[PDB]
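Following: one structure in structure tokens, then a few remarks.
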Amino acid sequence: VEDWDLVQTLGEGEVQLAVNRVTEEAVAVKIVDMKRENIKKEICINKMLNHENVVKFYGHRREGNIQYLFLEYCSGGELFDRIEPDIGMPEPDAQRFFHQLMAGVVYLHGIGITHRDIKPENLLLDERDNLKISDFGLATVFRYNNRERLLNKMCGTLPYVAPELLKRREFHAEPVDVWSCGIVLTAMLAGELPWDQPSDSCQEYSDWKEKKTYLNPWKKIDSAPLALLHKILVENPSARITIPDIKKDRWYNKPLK
Ligand SMILES: NC1=N/C(=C2/CCNC(=O)c3[nH]ccc32)C(=O)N1
Ligand SMILES: O=S([O-])[O-]
């Protein structure tokens with residue numbers, strides 16, 4: 001509909017797999033029922049985007065109350081399903097996924113877009129296992145005519161969200177996306193999330209700020225990637241490593257099997 005057949009639910013709004021009746025071409029179709037401004041910004045952001053680690057936008061048609069965004073099908077599914085609970089994945093796989101995730105985030109930030117909800121559910125895999133960032137539903141412009149604006153809206157997903165965003169009335173966009181990339185890396189390497197939220201109220205978060213790496217997420221990780229996580233998961237956003245410096249990090253540049 002209309003041209004394409006909607007053939008299977010990919011991830012409920014709902015994303016359908018759409019197979020072109022004629023050519024056999026597959027794409028994903030995202031269906032959003034405007035009766036059931038976020039969708040306007042999402043299409044608007046997607047039309048700016050062009051990069052091999054961001055999910056391709058093909059166009060949209062608005063057929064009534066129903067928006068249909070045609071988007072690159074990623075047949076590998078979600079990063080999330082390559083993370084084995086309590087285990088993670090092999091370190092070389094985590095590293096390559098991390099490199100590609102950084103290439104995508106560098107790109108977004110260079111065009112002044114912040115994703116604001118990076119997590120394994122939103123990180124999709126294509127046919128050759130290349131990661132693509134998806135879902136610009138919560139994305140927003142943080143730089144325009146070369147002037148940065150601070151963010152005020154609290155959004156994202158608690159386990160991934162940086163602590164300043166719970167504590168500051170306004171904060172810089174880029175360090176929040178960096179932090180969430182660090183939590184994704186932890187999840188890859190340990191197969192578990194370090195805390196429910198980065199709060200005062202949260203025992204495991206206090207444990208980390210006190211450097212108790214003999215405790216569980218951290219003791220599964222290993223000293224080179226763990227040293228990088230020490231630089232990303234810094235509570236103060238001004239002392240947190242930036243992406244140019246992530247690129248200089250020793251594990252980041254370690255050749256892996
Ligand atoms: N979170 C999110 N996932 C999206 C898609 C659309 C992009 N391509 C897909 O293959 C897909 N599979 C499962 C979900 C999706 C999407 O657009 N946002
Ligand atoms: O424990 S933190 O300061 O990396």
Side-chain angles (χ1 to χ4, degrees), residues 4 6-19 25-32 39 41-43 45-47 49 51-60 67-82 104 115-139 156-157 160 162-164 175 178-180 182-186 194-195 198 202 204-215 217-219 221 223 225-241 245-246 249:
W4 302 76
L6 307 215
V7 139
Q8 82 200 236
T9 263
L10 253 31
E12 325 215 345
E14 335 139 36
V15 173
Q16 269 303 303
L17 194 253
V19 167
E25 211 209 346
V27 294
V29 193
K30 179 186 217 144
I31 288 114
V32 181
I39 201 46
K41 194 129 152 267
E42 171 173 11
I43 296 167
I45 295 192
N46 267 285
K47 290 175 189 280
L49 305 182
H51 189 271
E52 58 273 24
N53 301 113
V54 180
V55 164
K56 227 105 254 189
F57 183 71
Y58 299 132
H60 60 105
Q67 285 287 6
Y68 304 87
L69 332 205
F70 294 77
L71 294 158
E72 181 179 12
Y73 176 51
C74 301
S75 82
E78 286 175 19
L79 187 59
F80 178 89
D81 293 307
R82 322 299 267 250
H115 186 283
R116 298 204 281 174
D117 199 29
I118 284 159
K119 50 171 177 196
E121 303 90 325
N122 283 341
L123 292 182
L124 304 172
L125 269 5
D126 77 5
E127 309 58 49
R128 308 179 75 259
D129 274 2
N130 294 135
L131 166 154
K132 326 300 204 103
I133 293 161
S134 87
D135 194 343
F136 295 82
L138 298 189
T157 293
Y160 301 82
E164 62 268 29
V178 169
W179 175 278
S180 73
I183 300 300
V184 166
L185 215 200
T186 301
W195 40 71
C202 187
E204 298 90 330
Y205 185 58
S206 293
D207 282 345
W208 163 257
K209 288 191 287 185
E210 283 169 32
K211 297 161 141 64
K212 300 177 172 179
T213 49
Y214 65 79
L215 288 169
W218 322 102
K219 54 164 161 158
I221 303 186
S223 74
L226 218 202
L228 169 68
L229 289 175
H230 269 118
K231 290 183 296 189
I232 298 183
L233 300 173
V234 166
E235 179 170 59
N236 178 24
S238 305
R240 179 182 307 150
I241 193 175
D245 289 343
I246 294 171
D249 165 87

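Start at 1 and go down the list; that is how both ligands and their atoms are numbered. Position 1 is the first residue of the sequence, and the numbers go up from there.
- Proximity of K231 to ligand 2, defined as any heavy-atom pair under 4.0 Å, is not found for any part of the residue.
- Here the protein heavy atom with the shortest distance to atom 1 (N) of ligand 1 is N122 OD1, 3.0 Å.
- Within ligand 1, the atoms closer than 4.0 Å to a non-hydrogen atom of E72 are 7 (C), 8 (N), 9 (C), 10 (O), numbered from 1 in the order shown.
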Next on the checklist: Working note: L233 + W179, criterion side chain to side chain contact (heavy atoms under 4.5 Å, CB included); need CA distance, chi angles, decisive distance, verdict.
Outcome noted: CA-CA 6 Å; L233 300 173; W179 175 278; 3.8 Å; yes

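- Scanning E235, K212, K211, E210 for the heavy atom closest to atom 2 (S) of ligand 2 points to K211.
- Of all atoms in ligand 1, listed by their number and element, those nearer than 4.0 Å to a heavy atom of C74 are 8 (N), 9 (C), 10 (O).
- Checked against a 3.5 angstrom limit, the closest N/O atoms of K30 and ligand 1 fall inside it.
- A donor-acceptor pair is defined here as one N or O able to donate and one able to accept, closer than 3.5 Å; such a pair exists between the side chain of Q16 and the backbone of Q8.
- Every atom of ligand 1 is numbered from 1 in the order shown, and the set under 4.0 Å from a heavy atom of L71 is 17 (O).
- Of the candidates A26, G137, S75, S134, it is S134 that places a heavy atom closest to atom 2 (C) of ligand 1.
- In the model, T9 has no side-chain atom that pairs as donor or acceptor with a side-chain atom of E14 under 3.5 Å.
- Nearest non-hydrogen protein atom to atom 4 (O) of ligand 2 is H230 O, 3.0 Å.
- Ring planes of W208 and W195: tilted class, angle from 30 to 60°.
- The closest side-chain heavy-atom distance from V55 to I133 is not below 4.5 Å.
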